[PDB]
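Quick heads-up: the structure tokens below are two forms of one chain, split into structure 1 and structure 2.
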Structure 1
């Protein structure tokens, strides 16, 4: 239960030249985000944001179904056991902003919530060219989000309400039972070691974003976010690598850099060759392979 460092009065420069390079999670207390942290009450937020349709999600596994609703009702229901309901009386809601055409364009609080945007100052921790996306994350009290990872550097700004989040090192990948970018273990707290023995060797870092706190999540770091109370956050993705290194298709910040994806493909070719020797020689030379990859491309 390692804790992630909290730090006050950290500077633009201090961050970029001395903290950022450490490549480790870190929360930043007392940054100036503007008025937003002060005036984004459920009652204000509904008014300002508007009634544009936002794609909704309704401990989550598919035990959730997607819906849609007017932004203003999304928030108001997020706060509320909601009276009117898509599925249940004790429904829980969850927003994750997306562009107009989700497969074409990234989310961006500027373009999509202009009026609300003017209320928040994103930390100037990266260069304006490196920007990737800005995302509203509004969830209801208690919601539990599977443990995923993102390929962009991330700033998770907690604007309103509390929120627990626990993180894992990229190197605790093996113990994570990775189905793509998500991990199989839903309940982080008391995990059925029965079903997944390895999840226990994973060193977890924990921390709790209080309204106004900023959590930095380096590229590749694993993280579970549980909304202690109701609240709205925004996180900001940005390109750590030269812009050419990433996936063009990717408007979520989830697809590996092409390089990873390319070498992962030729890897499947090497295996298609190997596969034609009797299992026993195939086994042998596969292990001889991972031996190689470890000596040379590890740390």
Structure 2
């Protein structure tokens, strides 16, 4: 079981009700084939996205290296006009560039003022929103954000997770995506919503021994493919080609539970974040009992938590 490699189930012809009432409550990743996405899927050539989306300047990642690394931040931020960015991500070599002729590009769309606006494709790319029919797989009152996702081929984003449920729509290009159950957290060596294990295919088990028990689900997304990701599910994407992605986040929970400053979808539901503050407190009172004693009692706690609150 541990360290296994599963396929993410692929279903074609899934209905609204069957997704919403049968597949969704199942809380597992799943890919849907053949959904009517709108013509976006035959229109969004690079020439078109440049023309139609053009020149709305966006915040962008530039990396001189396929495997992007936040532990060493080996990439830099920059801005670019939408068309430019597109044209650049579809390239392999670059005449003009921010760091090297082979640097790779990564757009994760953001609301006009990232401080108070979630990203909304409808709001910020009105024409482009035109070509794409969001699958109606969730109550509208729970909509949260809609995000563009365009990357150079060979670009490896790192393993993270979000607090919202999420429909990732591969419109153009092939995407590889491996996923980890939320319960695989212990194995993932996380700093925040990120994992330190960059090379998942060929892991340095000297530094990340526990990564071994990690049971990975894998899937590759062709154009037209849609993938559902339950909240808290870890995921790692690699643009195998050039492609254009749109994701839709939405609330699985009462809007009341979420943190309102969070426009990205990382921040922990208030209850959890509060809990974490409480905990940091205990870790402090206990803290300056001698290490010997702290330790014994940290261990009691952990076992206790595992028993009252694990399921």
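By rigid core we mean the largest C-alpha set that fits within 1.5 Å across both forms. Numbering follows the first chain given and starts at 1.
- Compared between the two structures on the core, the listed residues 12, 18, 282, 23 keep their C-alpha shifts below 2 Å, save 282.
- The rigid core superposition between the two structures gives a CA shift for residue 91 of 1.3 Å.
- With the core fitted, the CA of residue 271 sits 2.2 Å away from its counterpart between the two structures.
- Relative to the superposed core, residue 197 moves its CA by 0.2 Å between the two structures.
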